[PDB]
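Notes to accompany the following structure.
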Amino acid sequence: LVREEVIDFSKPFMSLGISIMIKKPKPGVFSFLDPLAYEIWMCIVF
Amino acid sequence: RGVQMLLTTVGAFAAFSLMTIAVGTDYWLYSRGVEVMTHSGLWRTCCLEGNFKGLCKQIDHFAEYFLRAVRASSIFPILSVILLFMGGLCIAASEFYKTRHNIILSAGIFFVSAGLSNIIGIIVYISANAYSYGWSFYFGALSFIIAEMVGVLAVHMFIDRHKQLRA
Amino acid sequence: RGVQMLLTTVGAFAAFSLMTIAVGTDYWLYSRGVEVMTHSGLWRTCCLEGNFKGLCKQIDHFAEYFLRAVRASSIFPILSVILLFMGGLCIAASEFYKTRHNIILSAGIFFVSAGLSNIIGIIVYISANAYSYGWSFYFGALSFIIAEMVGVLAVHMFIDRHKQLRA
Amino acid sequence: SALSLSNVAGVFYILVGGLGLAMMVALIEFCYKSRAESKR
Amino acid sequence: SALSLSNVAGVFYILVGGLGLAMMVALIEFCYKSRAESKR
Amino acid sequence: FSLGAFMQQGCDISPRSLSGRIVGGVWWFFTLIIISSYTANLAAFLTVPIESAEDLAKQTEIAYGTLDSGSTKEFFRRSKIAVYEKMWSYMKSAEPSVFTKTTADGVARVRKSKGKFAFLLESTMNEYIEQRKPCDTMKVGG
Amino acid sequence: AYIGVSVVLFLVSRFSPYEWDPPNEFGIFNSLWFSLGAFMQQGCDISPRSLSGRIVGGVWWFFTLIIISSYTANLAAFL
Amino acid sequence: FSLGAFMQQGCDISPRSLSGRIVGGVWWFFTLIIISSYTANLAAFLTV
């Protein structure tokens, strides 16, 4: 808006948007519990 | 049998109180559905953060129809509370009638059935939901555990009474 | 009894020596890390060949931080050495007090615990690595088997002493 | 990728139904034996 | 493809912890029984 | 008995009464189904910080910034959203200055900061840099 | 782990004089047989009855379940 | 005994001698490997 008040813009030729860039970045010891949900384990114990 | 009877009475009262609190309160699920961090229960949804702190809505629970109806009515947690109350009544009545041994057997059966219905209610609740779990859910789980232990104690007392009678 | 106890003493000394050598030496692993072929132990890497053959450099060790701390401290191999030493001390002191039967049991428990901590240390080392293994790795692996066999021998002596005492 | 309780709740229902059925059978047998003993 | 020791190191830890726990339980019972025998 | 049955082992006793055998049979069926579902892909499961702008706003460990003069700094300046107002409030008093002279300098700062810095820039430039060497940056959130 | 489990099972099943004719059938040879039969999913002729022996048996059963299931699942991928 | 071991079903007897236990152990290892290889893709062969 602030630029449009002093210069004329054509119709957009490419879309965009503010985004977030971060640096990029093996299961735990208890990875054997992964195949079943935590609720399933609780109900199995019960 | 005095220590066992005291432990059974204390455990029965503890299980009943825990299950009653779990059914009564509104800290079963820490979800995000209003969307600002609401804590839910078996019947209400209250906002833990935002412009509406302290306002509690009413949960809309509506094969699939049967699951929704059973989750809405909460027949199984309420039935577990009722069975725990009946087991406590049997425990109390067994003192007045020290010669009728089947009352303690009835108490044990009631406690085991209450635990089983608590299992069923937990299964129905978790299935109907599909976040974290609040202290009412764990109160219900602890009530199940204590109900099972107290039922074991009651059955053991029944066996002990009949063995002593046989001797 | 004499032959059994001689076997126990010889095995205890062999296991202690093997574990101490495995901890103190540097031929645990043959890896092309530092990128020239190198033999690495618990505490340092030494260049196996090349220009600077024989130069030794201390290991640079630094959920995951805990694993690296445990591996860097090498608390489990050293604990296995210490427990083996205590078991040997119990075996040596058992002749001094021939009527104290629990010293043999203490030695057996010490040897079994030393073997278990050896297992834990081996697992921690292999996990923290993530090539071939040298003779110091297989000295500690051999020290585990003897410590478990000497732990079986000491328990049998404890049982035999009490079987004799019961008659 | 994990398996959810909704996928395997039917086996829990079957298990609890079987536990209830076994309790009912045991209680029925006990009641019959007790009544027969009382008659004797 | 071949899963390594790091993938299954937790179950080994649990196994050794259970072995240690069993030894501790057995030794506690032995000490209690020895105290009872000595007192008696 | 119940433990050994689930672990697919078996014990030295077995129920002999009708009700005990009903309990054993239903527990065996439950064990069969649950263990078959568990062990179907056990090996697969063994071998397998910022999600949005509110995550950046609510934390302090990771610093964020924009270009010195551009549309993004102005967007954060006049934004009336609470999260973006907080983000601009942090940026204005951030020391050292988080505003970068060029996009490339900000990307280099992100790469060299070891995950302690986040760069707010247009989606097109982020998509370009993401798919270039050394491939050590990525876009988070929408 | 097999060696350690068998040794600990024998120890906890036979060391104490206050349980002793053997109190059970869990000498070192029979402990090794029990552990091998548990691991191979081939059942067992005997089973432990003490609390500590049952702890050893349970942790061994959990270990062999996880390990054998992992082996079979990964072999299915290898094949 | 051997048939029950192969079917992974067990029987009411088990060897007690060292040599009999060696035979049982090697048969158990053979059964484990062969059955694990056989049952990996059994339904795929049934359907095709």
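Atoms considered below: every heavy atom in the structure, side chains included; atoms not considered: hydrogens, waters and symmetry mates. In the text below, chain A, chain B and the rest are named by the order of the sequence lines, each starting its count at 1.
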Mark yes when over 12 heavy atoms from residues, nucleotides or ligands other than [X] sit less than 6.0 Å from its [atom1]; otherwise mark no.
{"X": "A:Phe9", "atom1": "CZ", "answer": "yes"}
{"X": "F:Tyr84", "atom1": "OH", "answer": "no"}
{"X": "F:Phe29", "atom1": "CZ", "answer": "no"}
{"X": "B:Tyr27", "atom1": "OH", "answer": "no"}

### Residue pairs involving residues 40-55 of chain C (criterion side chain to side chain donor-acceptor pair (under 3.5 Å); sequence neighbours excluded)
C:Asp26-C:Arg44

### Message
Applying the side-chain contact (heavy atoms from CB on, under 4.5 Å) criterion to F:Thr66, which one of F:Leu120, F:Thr100, F:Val98 satisfies it?
### Response
F:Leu120

### Message
Is there a side-chain contact (heavy atoms from CB on, under 4.5 Å) between F:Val140 and F:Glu51? Walk through the geometry before answering.
### Response
CA-CA 6 Å; F:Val140 298; F:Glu51 271 96 10; over 6 Å; no

#### Entry: Ring center gap for A:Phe32 and F:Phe45 short of 6.0 angstrom
no

### Task
Examine A:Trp41 together with F:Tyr38 and report whether their ring centres are nearer than 6.0 Å.
yes

### Worked verdict on F:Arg77 versus F:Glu74 for salt bridge (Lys or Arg N to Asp or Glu O under 4.0 Å)
CA-CA 5 Å; F:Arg77 173 179 270 121; F:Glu74 304 302 319; 2.7 Å; yes

### Query
Does a salt bridge link A:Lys24 with F:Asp136, judged by any charged N lying under 4.0 Å from a carboxylate O?
no

#### Entry: Electrostatic pair F:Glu85:F:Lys80 at N-O distance under 4.0 angstrom
no

### Task
Go through the side-chain N and O atoms of D:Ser4 and D:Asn7 and say whether any donor and acceptor fall under 3.5 Å apart.
yes

### Message
When you compare the side chains of F:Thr124 and F:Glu122, does any donor N or O come within less than 3.5 Å of an acceptor on the partner?
### Response
no

### Task
Supply the atom-to-atom distance F:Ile50 CD1 to F:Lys58 NZ, rounded to the nearest 0.5 angstrom.
9.0 Å

### Geometric cation-pi criterion F:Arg109 and F:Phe117, 6.0 Å radius, 45° cone
yes

### Query
Do the side chains of B:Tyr133 and B:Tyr138 get nearer than 4.5 Å, heavy atoms only?
yes

#### Entry: Main-chain N/O of F:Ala44 paired to F:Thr47 side chain as donor or acceptor, under 3.5 Å
yes

